[PDB]
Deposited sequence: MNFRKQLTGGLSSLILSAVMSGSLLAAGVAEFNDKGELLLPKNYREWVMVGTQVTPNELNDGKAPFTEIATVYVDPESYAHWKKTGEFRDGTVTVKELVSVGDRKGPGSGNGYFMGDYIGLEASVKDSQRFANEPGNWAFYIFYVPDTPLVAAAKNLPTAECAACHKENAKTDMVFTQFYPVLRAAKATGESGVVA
């Protein structure tokens, strides 16, 4: 997979993740969150309907701008999750969860996996598919069902 770790086992900040496959957009009444899946893992999903070993997701938070509508403003947070059956053999679903920054806190270059109770517990109890909240990510179910990442006529 594309995840890179430092010698202490902390996840390094992913590079160029805004070029990954956007799977979801959530609006909080105000923030916008964009969820990405790395491209090789997205290709595997489209083919199999499963998250491969090595899947990386990123959730990027922005503030909201006003249009005279609303649009993406300033970047204010970044979180990530990584699936790895060998590195995370003792986590639910073999997923680890990371904060790179949240509003009012500084960006770190490398993030430590959080304890199971802080993130994985909610994901494993509420996510539709293998601890990823695919119920909110319409690109994923469509891609598996049609083999395509878009509408077809």
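Missing from the model relative to the deposited sequence are positions 1 to 27, 57 to 66, 106 to 111 (no C-alpha coordinates, numbering from 1).
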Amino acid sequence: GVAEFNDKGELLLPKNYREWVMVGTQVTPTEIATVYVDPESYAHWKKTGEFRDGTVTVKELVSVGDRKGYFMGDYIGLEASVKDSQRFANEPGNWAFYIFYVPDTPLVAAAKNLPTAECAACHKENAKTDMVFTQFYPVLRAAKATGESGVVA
From here on, numbers count along this sequence of modelled residues.
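In this entry, the higher average B-factor at the C-alpha atoms falls on 97 to 105, of the pair 97 to 105 and 31 to 39.
Annotation for 59 to 67 versus 82 to 90: the higher mean temperature factor (C-alpha) is found in 59 to 67.
In the PDB entry, a CA B factor belonging to the highest third of its chain's modelled residues is recorded for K47. Annotation for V23: CA B-factor lies in the lowest third of the chain's modelled residues.
Ranked against the other modelled residues of its chain, the C-alpha B-factor of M131 as given in the entry falls in the lowest third. Per-chain ranking of the deposited C-alpha B factor places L12 in the lowest third.
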